[PDB]
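Trainee:
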Amino acid sequence: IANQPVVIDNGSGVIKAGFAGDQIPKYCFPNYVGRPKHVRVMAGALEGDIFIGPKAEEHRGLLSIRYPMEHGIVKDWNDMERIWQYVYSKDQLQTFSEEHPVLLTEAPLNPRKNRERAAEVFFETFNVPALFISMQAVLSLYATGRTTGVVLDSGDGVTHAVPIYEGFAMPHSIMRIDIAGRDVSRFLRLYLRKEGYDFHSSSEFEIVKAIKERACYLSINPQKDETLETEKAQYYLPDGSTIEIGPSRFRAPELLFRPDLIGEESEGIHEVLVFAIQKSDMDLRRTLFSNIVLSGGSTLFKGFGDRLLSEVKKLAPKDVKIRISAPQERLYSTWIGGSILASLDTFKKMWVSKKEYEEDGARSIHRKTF
Amino acid sequence: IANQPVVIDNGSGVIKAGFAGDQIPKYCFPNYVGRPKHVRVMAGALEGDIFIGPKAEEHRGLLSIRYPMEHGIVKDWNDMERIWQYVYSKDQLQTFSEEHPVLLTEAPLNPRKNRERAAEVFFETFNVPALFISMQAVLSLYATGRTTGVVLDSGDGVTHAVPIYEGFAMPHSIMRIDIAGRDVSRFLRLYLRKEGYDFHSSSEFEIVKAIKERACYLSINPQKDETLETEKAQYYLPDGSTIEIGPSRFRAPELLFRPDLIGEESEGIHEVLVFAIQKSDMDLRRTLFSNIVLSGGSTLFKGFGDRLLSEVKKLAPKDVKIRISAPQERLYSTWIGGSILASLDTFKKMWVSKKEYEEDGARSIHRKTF
Amino acid sequence: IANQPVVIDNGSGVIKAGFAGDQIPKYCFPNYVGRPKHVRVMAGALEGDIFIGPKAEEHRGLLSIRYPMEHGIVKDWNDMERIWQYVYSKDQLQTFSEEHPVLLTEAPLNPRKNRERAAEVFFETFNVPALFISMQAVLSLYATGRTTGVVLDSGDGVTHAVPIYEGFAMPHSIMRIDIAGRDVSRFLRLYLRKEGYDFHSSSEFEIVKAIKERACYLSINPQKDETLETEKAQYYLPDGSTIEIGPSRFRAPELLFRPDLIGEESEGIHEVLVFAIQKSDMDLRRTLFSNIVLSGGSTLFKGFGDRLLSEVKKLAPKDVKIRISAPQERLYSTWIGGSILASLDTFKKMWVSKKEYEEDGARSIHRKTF
Amino acid sequence: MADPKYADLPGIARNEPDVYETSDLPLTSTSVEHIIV
Amino acid sequence: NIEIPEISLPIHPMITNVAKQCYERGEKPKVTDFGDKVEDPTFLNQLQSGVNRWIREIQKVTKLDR
Ligand SMILES: Nc1ncnc2c1ncn2[C@@H]1O[C@H](COP(=O)(O)OP(=O)(O)O)[C@@H](O)[C@H]1O
Ligand SMILES: Nc1ncnc2c1ncn2[C@@H]1O[C@H](COP(=O)(O)OP(=O)(O)O)[C@@H](O)[C@H]1O
Ligand SMILES: Nc1ncnc2c1ncn2[C@@H]1O[C@H](COP(=O)(O)OP(=O)(O)O)[C@@H](O)[C@H]1O
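For the record, the sequence lines run as chains X, B, A, V and W. Under our numbering, the first sequence has 131 at position 134, and the numbering climbs by one with no breaks. Under our numbering, the second sequence has 281 at position 284, and the numbering climbs by one with no breaks. Under our numbering, the third sequence has 288 at position 291, and the numbering climbs by one with no breaks. Under our numbering, the fourth sequence has 5 at position 2, and the numbering climbs by one with no breaks. Under our numbering, the fifth sequence has 762 at position 8, and the numbering climbs by one with no breaks.
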């Protein structure tokens, strides 16, 4: 028994959290940790070293922003502890980690050590009454209400497709590549350098993310538009300068459909969907093609869904109704799905109790991983 | 042993000193050693061979002036020792050099030897219990309330720009040129020689300073008064003579904005500030453009604020709001900040004890430089 | 028309020219346009009033100095046009710029506008029949006769590393940071200003470059020597003076291995090499670690290769054979390889003729450059 | 403030504007489907 | 129980007078309400002494440890 389950949606770029039963996540902020770079000289300065959340975003110039999680895998656990601890601070939740069971979203095909050490972190430093690690696609489909269909997500560090059949997420059809939002921003940074504009500071990579979020689009024809000179719209920096982008705005999110530009034998998003559908039972292909759900912030580019339809039509068999849905809460899909899932009475039997974790250990988590 | 620390504004043009906690510096005498030029014949004449401050300001004609410090770098240590002894003398403080902590300011980017020898004097000739060397930028922020800003001071010898944001100084963005009030006075002297009025003695050099402070202004435009060949405003000398100037009461202070007139490629004061801001981080530009602090006596010329605004406005990107806070205590801002800092208790942790220096030496001073 | 082609090897600090076939670039001169500061009076003095070449080195003090290429990016196209005309002048090659194909050189990952405008110059002002812009790594490999090996070079403005495996350039495994010899000279000037020897004039900066190129060594132990006492070896200026460098002679070239000293989050040269190797495949890292060809001007410091092997062994996995080869004339490696490449028979197909430029334009250059 | 304090020392400039300033001035759709018969 | 003491930090009574005057009407207290009283060096000197005493009192509690 506890108060209420807290759905903490992780993400390599933006963490999202709130209590279960909530409508929208009330607490969302970037998943980075910024510590100052300069020298504390004057007294009365910004006290404290590590900053997370709105304060780290505000005084962005001083920090040396780093990410503790990359490609859905935690690289530094200390920064993650401070991030989770920040989630439970007075600025976000104002609660205690002893009276709340925790729903935790997590990307597929990740190492066992993520669930194991993350569970140790929660049940030991936080001592939560109940932890429950789950997928992300299952939650997104629960958020849309329907039940069978694939889920195409592309967050900040991962991207995958999961063919879900009535909740049983088919584990033998989850294609997963590691080319997501942050990497698109990284490649955009490279193209900005090729344009002439240099951005290499860690607290400037964020400006590159801002440019990706408000100045890029997806060309329908990938090559016909490359053979033309666009209008070259400008961009206003926080500094007040001006950057004319040019061709570095459509080729930047082109990476998601062709990771040859980054030099990698992986596949595009369209191939992840088509391979995820084709590596399933032939009796469900039409049902999966009639139900595609997008989620994740990288599915917010202009002309994304339209280009995805064109690509899938080029790869799907002829005269099969393809249908891509795209709800208005792609950033909040996994969190809303967590709010629906954890607010049910079956969640009591679906979690892992603290007592159980102390009895068996990590094997209990891998046992009851679904 | 400590009671009311002694704040010393070791400025190359005028030394300002008093105790800690004092709202105003009680003793502001000029920084020069006056030695006589004419032999003493009559008994009962003036006593001593060294005149400092108020005495070397009334009997100026009898003296030959030797500035000890030039461009924030001490030349004759003997003279600085004598000036500091004058500070602790009966006519100035009546204290001992062993009962009070000493806060002695310093310009940024000075050589290490100044710090070393300054502490050697204050720890060997004077047996000061506590010594702390500071920056002449942080102190102005203290005495002006702000904690984020660009300190643009122009003392009599060295001008610089230090961008401090939220109490954090960004040392790599410090720009510093060695062209200030001395050069303006000296260049004014050359303009008087081109206008037929020579001055070569050291005692008459202060009359050139007097002309500068009482008759020099800055035109908003460098050519709207250049070819106009304006009126010749008269100005009286200390004897009763008459000097008409005309094209030198504005041509001499433009040496700060363009030191090409002195025959030295460097950057003007406006380029010092703008380059100090542009060298800082991308996110911190608007806050530094809206927080510009002025200090130093050379920032008292007429029309200085308007010229500084228009020059920065030309160099800053469009529509960026530029605010230049110009307090009325530009001469005593650094001292008042010193009186504030030494009145705190964190200063106790910030100084260097005598045994600290004895067991370590110069190393201890370079350790607590910031 | 296909005569002896001209191999122009650009460099942000020292240009290199000469015909294809010469074993040594017969015409080398620094890359700076010097123009006089002082007013000329005596009729019959130096003429042209824009000095480029050895005349700019013989009369350094008389003129101002401004570099037209910073970090491999051309900032002033007018000055580069004058420099290239000087390459074709009566003092360097004495030939016409239309009877010879030109082999230019560039640092990788440069902006496309440099390549565009550079070929615009070589095809519009100079009516060169054929131009072929190319990298530097490939050229140093043609010079050493090899076909494999990671080429690491630290020029005056660009420190990049491009790996090549049997003639297959890996474009995505290229690391380039703009922290080079010019910035080391600048950091040295900053430390000299912290010493007392404040060199500030533009023509005086070359003296700092000479001091860097002569009295500077890289200690193997970073913090051991970085925190201890020096010996203060004396150096003779061109004035006939004497300067005691001291501790800055070793802390100034440390910038190449840790750019945190200048306050810029980047990587050292060793991290550049290690990351450039690791970004490649898994079946090539052994051949790349066993074949490292140094080049570039700044890879001549005393005690440089020692520190590279130490840092690389700390970064590379254990028991991996690490070798570092280098040519004898390290300053003219790329030019020699350019002479070899341009003197081949495939160079007739490698270039871009003038008719090709008239048909397509910039697009043809971007196509045939890779 | 300390007005008599400023009367004491000689550098404090009165009747000069103390602050110089620059002038001032006053998501995608859903169900992107495509049938095929 | 050791029962750590408490300190009631005094305030200048004139400030409370004008504060209560701002409270009799619906209005937030502000610096502008004192008029030409802020410029009094006597008044500000009294205030400086009071805040200095406040710092003393708070240090009496913050430096405490057992
Ligand atoms: N409007 C936008 N256009 C393109 N990309 C965006 C946009 N908004 C956010 N992003 C990218 O999407 C990412 C958000 O996905 P995220 O919520 O992090 O997924 P997860 O939380 O599962 O990691 C952010 O990293 C951001 O880079
Ligand atoms: N009213 C004034 N107007 C213009 N310049 C002044 C005025 N008063 C003083 N100065 C100049 O400014 C200098 C003041 O020295 P200061 O700026 O305090 O140097 P430092 O900061 O090194 O003590 C004087 O030497 C004089 O050159
Ligand atoms: N003995 C030396 N020690 C250290 N650096 C040196 C020495 N000799 C030359 N250099 C550096 O070599 C650089 C020249 O490199 P350069 O061949 O011009 O590269 P690029 O041609 O790519 O510009 C100069 O900037 C100088 O700093």
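Note that the Cβ used here is the ideal one computed from N, Cα and C, for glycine as well.
Could you name the residues of the segment 139 to 171 of chain A whose beta carbon sits closer than 8 Å to any beta carbon of chain X, in the order they occur along the chain?
Mentor: If the cut-off is 8 Å between Cβ atoms, the segment 139 to 171 of chain A has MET167, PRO168, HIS169, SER170 near chain X.
Trainee: Which residues mark the beginning and the end of the alpha helix (DSSP H) in which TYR83 of chain B is found?
Mentor: Here residue 83 of chain B refers to the residue found at position 86 of the second sequence. 74 to 84 is the span of the alpha helix (DSSP H), which, as asked, contains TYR83 of chain B.
Trainee: Going by DSSP, which residues form a beta bridge with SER292 of chain A?
Mentor: Locating residue 292 of chain A in the third sequence gives position 295, counting from the first residue. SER292 of chain A is bridged to A:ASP150.
Trainee: Between which residues of its own chain and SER245 of chain B is the CB-CB distance below 7 Å, once the five residues before and five after are set aside?
Mentor: Counting from 1 along the second sequence, the entry for residue 245 of chain B is found at position 248. These residues qualify, in order along the chain: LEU185, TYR188, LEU189, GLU192.
Trainee: Residue range of the beta strand (DSSP E) that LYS209 of chain B falls in?
Mentor: Taking the second sequence and counting its residues from 1, one reaches residue 209 of chain B at position 212. Where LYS209 of chain B is concerned, there is no enclosing beta strand (DSSP E), although the alpha helix (DSSP H) it sits in stretches over 202 to 212.
Trainee: Is any non-hydrogen atom of ligand 2 found closer than 6 Å to the C-beta of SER330 of chain B, if you look at the structure I gave you?
Mentor: Taking the first residue of the second sequence as 1, we reach residue 330 of chain B at position 333. No.
Trainee: Looking at the strands, I want to know which residues DSSP matches up with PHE129 of chain A.
Mentor: Your numbering for residue 129 of chain A matches position 132 in the third sequence. DSSP output for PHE129 of chain A lists A:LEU100 as bridge partner(s).
Trainee: Measuring alpha carbon to alpha carbon, tell me which of X:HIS157, X:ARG112, X:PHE123 ends up nearest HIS363 of chain X.
Mentor: Stepping through the first sequence from its first residue, residue 363 of chain X is reached at position 366. Among X:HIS157, X:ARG112, X:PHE123, the Cα nearest to that of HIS363 of chain X is on X:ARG112.
Trainee: May I have the straight-line CA-CA distance separating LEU341 of chain A from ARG211 of chain X, to the nearest angstrom?
Mentor: Looking up residue 341 of chain A in the third sequence gives position 344. Looking up residue 211 of chain X in the first sequence gives position 214. Cα to Cα, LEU341 of chain A sits roughly 49 Å from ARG211 of chain X.
Trainee: Could you give the residue range of the beta strand (DSSP E) that holds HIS157 of chain B?
Mentor: Position 160 of the second sequence holds residue 157 of chain B. 156 to 162 is the span of the beta strand (DSSP E), which, as asked, contains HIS157 of chain B.
Trainee: Just the Cα atoms here: how many angstroms apart are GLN89 of chain A and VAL3 of chain A?
Mentor: Taking the first residue of the third sequence as position 1, residue 89 of chain A is located at position 92. Taking the first residue of the third sequence as position 1, residue 3 of chain A is located at position 6. Roughly 12 Å between the two C-alpha positions.
Trainee: Mind checking if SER34 of chain V is an interface residue toward chain X, Cβ cutoff 7 Å exclusive?
Mentor: The residue labelled residue 34 of chain V in the question sits at position 31 within the fourth sequence. Yes, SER34 of chain V counts as interfacial toward chain X.
Trainee: For the alpha helix (DSSP H) that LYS34 of chain X lies in, which residues bound it at each end?
Mentor: What you label residue 34 of chain X is simply residue 37 of the first sequence in a count that begins at 1. Taken as a continuous stretch (DSSP letters only), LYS34 of chain X belongs to no alpha helix (DSSP H), as it is neither H nor E.
Trainee: Starting from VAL36 of chain X, find everything on chain B with Cβ-Cβ shorter than 7 Å and list it in chain order.
Mentor: Against the first sequence, residue 36 of chain X aligns to sequence position 39. Those within 7 Å of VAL36 of chain X in chain B are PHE165, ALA166, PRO168, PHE367.
Trainee: Check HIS363 of chain A in the structure and name its three-state DSSP category.
Mentor: As a working note, residue 363 of chain A is residue 366 in the third sequence. If DSSP states are grouped into helix, strand and coil, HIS363 of chain A belongs with the helices.
Trainee: What's the gap between the Cα of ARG109 of chain B and the Cα of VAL159 of chain B?
Mentor: Within the second sequence, numbered from 1, the residue matching residue 109 of chain B stands at position 112. Within the second sequence, numbered from 1, the residue matching residue 159 of chain B stands at position 162. Their backbone Cα atoms lie some 19 Å apart in a straight line.
Trainee: Quick check: the segment 350 to 365 of chain X against the segment 294 to 302 of chain B, are at least 3 beta-carbon pairs closer than 8 Å?
Mentor: No, because fewer than three Cβ pairs between the segment 294 to 302 of chain B and the segment 350 to 365 of chain X fall closer than 8 Å, the two stretches do not touch.
Trainee: CB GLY8 of chain X to CB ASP153 of chain X, shorter than 7 Å?
Mentor: Sequence index remark: in the first sequence, residue 8 of chain X carries index 11 (1-based). Sequence index remark: in the first sequence, residue 153 of chain X carries index 156 (1-based). Cβ distance < 7 Å, so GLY8 of chain X and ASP153 of chain X count as in contact.
Trainee: So that I know if they touch, is there some Cβ in chain B lying closer than 7 Å to that of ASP6 of chain V?
Mentor: Against the fourth sequence, residue 6 of chain V aligns to sequence position 3. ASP6 of chain V does not count as touching chain B.
Trainee: DSSP puts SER322 of chain A in a beta bridge; with which residues?
Mentor: Taking the third sequence and counting its residues from 1, one reaches residue 322 of chain A at position 325. A:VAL290.
Trainee: Evaluate contact between the segment 311 to 323 of chain B and the segment 21 to 28 of chain V, counting only Cβ atoms and requiring at least three cross-stretch pairs below 8 Å.
Mentor: Cβ pair count under 8 Å is three or more, so yes.
Trainee: Determine the burial state of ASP280 of chain X: buried for a count of at least 16 other Cβ atoms within 10 Å of its Cβ, exposed for fewer.
Mentor: Numbered from 1 along the first sequence, position 283 holds the residue referred to as residue 280 of chain X. Exposed, since its Cβ has fewer than 16 Cβ neighbours within 10 Å.
Trainee: Figure out for me which residue from X:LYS221, X:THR239, X:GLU268, X:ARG57 has the closest Cα to the Cα of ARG248 of chain X.
Mentor: Here residue 248 of chain X corresponds to residue number 251 of the first sequence, with the count starting at 1. Nearest option by C-alpha distance: X:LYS221.
Trainee: Comparing C-alpha positions only, which one of A:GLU78, A:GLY142, A:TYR85, A:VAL147 sits nearest to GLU121 of chain A?
Mentor: Your numbering for residue 121 of chain A matches position 124 in the third sequence. Out of A:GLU78, A:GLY142, A:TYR85, A:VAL147, A:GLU78 has the C-alpha closest to the C-alpha of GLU121 of chain A.
Trainee: Let me see if you follow: with CB-CB separation under 7 Å, is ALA16 of chain V close to chain B or not?
Mentor: Translated into the one-based positions of the fourth sequence, residue 16 of chain V becomes position 13. True, the Cβ-Cβ gap to chain B drops below 7 Å.
Trainee: Using the three-state DSSP reduction, which class does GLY142 of chain B fall into: helix, strand or coil?
Mentor: The sequence position of residue 142 of chain B within the second sequence is 145, counting from 1. Coil at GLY142 of chain B, not helix or strand.
Trainee: Are there any heavy atoms of ligand 3 lying less than 6 Å away from the beta-carbon of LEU187 of chain A, as far as the coordinates show?
Mentor: Within the third sequence, residue 187 of chain A is the residue found at index 190, counting from 1. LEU187 of chain A Cβ: outside cutoff for every heavy atom of ligand 3.
Trainee: Is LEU60 of chain A helix, strand or coil when you go by DSSP?
Mentor: Locating residue 60 of chain A in the third sequence gives position 63, counting from the first residue. Strand.
Trainee: Tell me which residue opens and which closes the alpha helix (DSSP H) that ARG173 of chain A is part of.
Mentor: In the third sequence, residue 173 of chain A corresponds to position 176, counting from 1. From DSSP, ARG173 of chain A is part of no alpha helix (DSSP H) but of the beta strand (DSSP E) over 172 to 174.
Trainee: Quick check on the DSSP output: the alpha helix (DSSP H) that includes residue 370 of chain A runs from which residue to which?
Mentor: Absent from the model: residue 370 of chain A. The displayed extent of chain A is -2 to 367, so no value can be given.
Trainee: Pull out every residue of the segment 69 to 92 of chain X whose Cβ sits closer than 7 Å to any Cβ of chain V, in chain order.
Mentor: Those residues of the segment 69 to 92 of chain X that come within reach of chain V (Cβ to Cβ, closer than 7 Å) do not exist; the list is empty.
Trainee: Run through the DSSP bridge pairs and tell me what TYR233 of chain B is partnered with.
Mentor: Reading the second sequence from its first residue, position 236 is the one you call residue 233 of chain B. Looking at the DSSP assignment, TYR233 of chain B forms a beta bridge with B:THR239.
Trainee: Given a limit of 8 Å on CB to CB distance, which residues of the segment 35 to 67 of chain X reach chain B?
Mentor: Flagged, chain order: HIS35, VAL36, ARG37, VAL38, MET39, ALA40, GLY41, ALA42, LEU43, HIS56, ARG57, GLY58, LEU59.
Trainee: Rounded to whole angstroms, what is the Cα-Cα separation between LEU252 of chain A and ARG304 of chain B?
Mentor: Here the question's residue 252 of chain A lines up with position 255 in the third sequence. Here the question's residue 304 of chain B lines up with position 307 in the second sequence. Between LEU252 of chain A and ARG304 of chain B, the C-alpha separation is close to 38 Å.
Trainee: How would you label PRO29 of chain V, buried or exposed, when you count the other beta carbons within 10 angstroms and need 16 or more for buried?
Mentor: Indexing the fourth sequence from 1 puts residue 29 of chain V at position 26. It is exposed - the Cβ of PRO29 of chain V has fewer than 16 other Cβ atoms within 10 Å.
Trainee: If we ignore side chains and look at the alpha-carbon of each, how far apart do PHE165 of chain A and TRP81 of chain X end up?
Mentor: Mapped onto the third sequence, residue 165 of chain A falls at position 168. Mapped onto the first sequence, residue 81 of chain X falls at position 84. Cα to Cα, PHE165 of chain A sits roughly 46 Å from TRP81 of chain X.
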